[PDB]
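Let's start with one chain on its own, the form deposited in one PDB entry, as structure tokens.
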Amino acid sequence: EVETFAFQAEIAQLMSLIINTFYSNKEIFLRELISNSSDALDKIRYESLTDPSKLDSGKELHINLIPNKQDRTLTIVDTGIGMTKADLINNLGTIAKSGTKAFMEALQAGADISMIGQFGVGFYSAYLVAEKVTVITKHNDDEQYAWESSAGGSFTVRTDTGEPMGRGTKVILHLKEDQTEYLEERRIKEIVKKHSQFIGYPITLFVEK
């Protein structure tokens, strides 16, 4: 049972700009997603300071990067607070309408796409490198859900019957054919070292057979 939703017009416009603007510095997508994971981990850590049972769904707070060259996917897994179904539908827990407004004014005034995270809509930089993004998420207060979009104005949400997660979010980037450098170990290592050196959670880059 799959529900299909239209993006708000402003978010569709943000996505189209990310997909269609010529902009070579695409590697910042990974910095933005790791930053989102770190923010999510901070939230469950803060809740656990007064309620340790918030971590009954998993005590480890970490970020895993999982490339898969056979599936042509890069997956960013974190064990942060996760998202409810309502959060997924409401632009993955962002204030993306007002963030898009500010971002596009900043671009017109001289900013570049790499500054997207300053406007709270860094998730959508995934579409720099991905033709399709799948987000699997589990929040303590809701069931496990899968969000998916290939842009084009719509996204789907469904209950996820697959691999249970415990708690957190998994962002699965189905990479564009010409963006497979981001499955290479040395390239991912370089980006993490350049842009994510002060992320306060272990980031484990998985290797492939």
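Residues that one form lacks are left out of the comparison. Numbers for residues come from their place in the sequence shown, where the first is 1. By rigid core we mean the largest C-alpha set that fits within 1.5 Å across both forms.
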note = Assert higher mean C-alpha B factor (52-60 or 150-158, deposited values) equals 52-60
request  = Decide which of the stretches 104-112 and 125-133 has the higher mean C-alpha B-factor, going by the entry.
outcome  = 104-112
note = Scanning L30, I44, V171, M165 for peak Cα temperature factor in the entry gives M165
note = Among the modelled residues of its chain, the C-alpha B-factor of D178 falls in the third labelled highest
message = Going by the CA temperature factor in the PDB record, which third of the chain does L88 belong to: lowest, middle or highest?
response = middle
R72 by Cα B-factor - lowest, middle or highest third of the modelled chain = middle
request  = Just say lowest, middle or highest third for the CA B-factor of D39 relative to the other modelled residues in its chain.
outcome  = lowest
task = Could you say whether, by C-alpha temperature factor, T79 belongs to the lowest, middle or highest third of its chain?
result = lowest
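Keep in mind that the form solved in complex with a small molecule is not shown, yet the notes after this line are about it.
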Contact assignment for the small molecule in the deposited complex, among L183, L61, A151, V171, heavy atom within 4.5 Å = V171
message = Please determine whether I81 contacts the small molecule in the deposited complex, using a 4.5 Å cut-off between heavy atoms.
response = yes
query = Might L92 be said to contact the small molecule in the deposited complex, defining contact as any heavy atom within 4.5 Å?
reply = yes
message = Taking any heavy atom pair closer than or equal to 4.5 Å as contact, tell me whether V135 reaches the small molecule in the deposited complex.
response = yes
ask   = Hey, in the deposited complex, is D142 touching the small molecule, heavy atoms inside 4.5 Å?
value = no
inquiry  = Tell me which consecutive stretches, at least 3 residues long, show Cα shifts of 2 angstroms or more between this form and the one not shown after the core superposition.
reply    = 90-94
